[PDB]
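What follows is a short report on a single structure.
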Amino acid sequence: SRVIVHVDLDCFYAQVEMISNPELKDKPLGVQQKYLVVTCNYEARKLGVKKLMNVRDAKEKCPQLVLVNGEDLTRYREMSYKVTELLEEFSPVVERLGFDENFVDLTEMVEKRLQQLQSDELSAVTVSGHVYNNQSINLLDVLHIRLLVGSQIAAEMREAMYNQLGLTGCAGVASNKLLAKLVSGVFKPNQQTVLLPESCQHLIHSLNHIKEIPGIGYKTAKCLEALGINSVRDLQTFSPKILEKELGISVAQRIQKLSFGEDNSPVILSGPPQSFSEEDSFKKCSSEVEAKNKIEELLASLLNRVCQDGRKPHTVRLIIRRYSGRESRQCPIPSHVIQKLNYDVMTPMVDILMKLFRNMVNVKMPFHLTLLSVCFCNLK
DNA sequence: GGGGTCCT
DNA sequence: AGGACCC
Ligand SMILES: Nc1ccn([C@H]2C[C@H](O)[C@@H](COP(=O)(O)OP(=O)(O)OP(=O)(O)O)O2)c(=O)n1
Ligand SMILES: [Mg+2]
Ligand SMILES: [Mg+2]
């Protein structure tokens, strides 16, 4: 009974970079974070570059590959919010998934448009983009009609994103979030597809690995494989009783429904972010003098972002990762420090973070850190 | 990697 | 505070 759209930008970081430096939009491009090419444009994907590939492999598999540094997410994050604000203008319930994916619940919009339709141009209702599995449309099936109106709205969304933000992307229209996300990637890049209900099982069985189901991640998949469960059909067919006692009642029941293409989870309004964090990874930090400097660097960056936002963070968290898996310490922020917008907030904040740091790290005995992160949360 | 979410 | 998920 729902019409959901999943919007997925084409090679997002690379797209932002190509727009920033149009001298790049004609060469194979890779966006680099440390030793990783986290994403690349479709010209590089032709030359055999894949997501999250090593720069050694990349530089060898494509020596003409242009690399730009994408460790600072500032510009990506800003464009990311322009996209979801644009979608929110179509319909206010927009759920973000990472920086480059959004779900919108179109069912009220679709119903409104259909109520405005007369007899002449309901003939007449046509699909925009691809129909998954090339299945024939039945114009007398109200479910088909509602999903086709969905595809028209999705086309308007992609058109607005291009005309207003210069961005291309894909869309998937289906009856729930799981299916919309699975179907959006069927034709890429810069294309869209709609899933009609009688093709649901074809879509779910098209998957080759159980980890390809959104909601089934690394740990869960490893567990399932441990159990002899490898195909979607294996999971569909496994004993609920055993699954429940192996993974617990909540996860087992949820993921088994997913394996049938069933997902009743609502599209949630993401709204403003609930946390701001910054991190830096490194080979080695083994002193407190370094720690403090790193933390000060991160803290400075964060205060720029708190300042921009408006709301104020009421707790701080320090996160670490030691050599050879993360640990954290948090505490409320003193009320007087919370009012800064002018003064000197650095020293009192670094004082707090260093205490947390010494709480976790025993500095009287040697240590080896490989990541540091500062997070502001509990915003008001 | 450099983010972000929610539940236990 | 830690674990699991998503990108
Ligand atoms: N461990 C990971 C996995 C993902 N990413 C980033 C790179 C991508 O920009 C985005 C997730 O990748 P997508 O699946 O959205 O793929 P892209 O948007 O990069 O390209 P496309 O959608 O065309 O496949 O988040 C990341 O930072 N770290
Ligand atoms: Mg994308
Ligand atoms: Mg998965």
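Numbers restart at 1 for each chain; the letters A, B, ... are given by sequence-line order, proteins then strands. Below, all heavy atoms of this structure are taken into account, side chains as well, without hydrogens, waters or symmetry copies.
- For the pair A/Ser373 and B/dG3, the criterion of a side-chain N or O lying under 4.0 Å from OP1 or OP2 is not met.
- Side-chain polar atoms of A/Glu17 and A/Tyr76 form a donor-acceptor pair below 3.5 angstrom.
- Mapping A/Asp72 and A/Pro273 onto DNA chain B by nearest heavy atom places A/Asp72 closer to the 5' end of the strand.
- At least one side-chain nitrogen or oxygen of A/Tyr35 sits closer than 4.0 Å to the OP1 or OP2 atom of B/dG1.
- Between A/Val38 and A/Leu52, some side-chain heavy-atom pair lies under the 4.5 Å cut-off.
- Heavy atoms of A/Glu278 sit under 4.0 angstrom from primed sugar atoms or phosphate atoms, though from no base atom.
- The interatomic distance linking A/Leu182 (CG) with C/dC6 (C1') rounds to 13 Å, in whole Å.
- In this structure, a donor-acceptor pair under 3.5 Å is absent between the side chains of A/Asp105 and A/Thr107.
- At C/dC6 the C1'-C2'-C3'-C4' dihedral is positive, so the sugar adopts a north, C3'-endo-type conformation.
- Contact check, A/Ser277 against B/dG2: no side-chain N or O comes under 4.0 Å of OP1 or OP2.
- As a whole-Å value, the separation of A/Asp100 CG from B/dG1 P is 21 Å.
- Taking side-chain N and O atoms only, A/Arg96 has no distance below 4.0 Å to OP1 or OP2 of B/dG3.
- Residue A/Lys34 qualifies as enclosed at atom NZ: its count of foreign heavy atoms under 6.0 Å is above 12.
- Regarding contacts with the backbone of B/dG4, a side-chain N or O of A/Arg77 is found under 4.0 angstrom from either OP1 or OP2.
- Taking only side-chain atoms of A/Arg329, from C-beta outward, the nucleotide of C/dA1, C/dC5, B/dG4 with the closest atom is C/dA1.
- Side chains of A/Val110 and A/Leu106 form a contact here, defined as non-hydrogen atoms less than 4.5 Å apart.
- For the atom pair CD (A/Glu71) and CD (A/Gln32), the distance works out to 7.5 Å, reported to the nearest 0.5 Å.
- We find that CD1 of A/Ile255 is positioned 10 Å from P of C/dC5, with the value rounded to whole Å.
- Atom P of nucleotide C/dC5 and atom OH of A/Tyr218 are separated by 11 Å, given to the nearest angstrom.
- For B/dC6, one of the phosphate oxygens OP1 or OP2 lies less than 4.0 angstrom from a side-chain nitrogen or oxygen of A/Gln274.
- If you check every strand for non-hydrogen atoms under 4.0 Å, A/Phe103 touches nothing.
- Dashed line: the shortest gap from a side-chain N or O of A/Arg326 to OP1 or OP2 of B/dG2 is not under 4.0 Å.
- Regarding contacts with the backbone of C/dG2, a side-chain N or O of A/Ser328 is found under 4.0 angstrom from either OP1 or OP2.
- Listed candidates were C/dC6, C/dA1, B/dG2. Nearest to the side chain of A/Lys181 is C/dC6.
- Taking only side-chain atoms of A/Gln33, from C-beta outward, the nucleotide of B/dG1, C/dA1, C/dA4 with the closest atom is B/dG1.
- Rounded to whole Å, atom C1' of B/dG3 lies 13 Å from atom CG of A/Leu52.
- With distances taken from any side-chain atom of A/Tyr13 to the nucleotides C/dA4, B/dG2, C/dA1, the minimum falls on B/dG2.
- Nucleic acid contact class of A/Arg305 (heavy atoms, under 4.0 Å, all strands): sugar-phosphate only.
- Donor-acceptor pairing under 3.5 Å is recorded for the side chains of A/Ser80 and A/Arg96.
- For the OP1/OP2 pair of C/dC5 and a distance below 4.0 Å, the side-chain nitrogens and oxygens of A/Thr220 include at least one atom meeting the criterion.
- A north sugar is assigned to C/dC5: the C1'-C2'-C3'-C4' torsion is positive, on the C3'-endo side.
- The interatomic distance linking A/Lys177 (NZ) with B/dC6 (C1') rounds to 11 Å, in whole Å.
- What separates CD1 of A/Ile216 from P of C/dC5 is a distance of 10 Å, to the nearest Å.
- The CD1 atom of A/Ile268 sits 15 Å away from the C1' atom of C/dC5 (whole-angstrom rounding).
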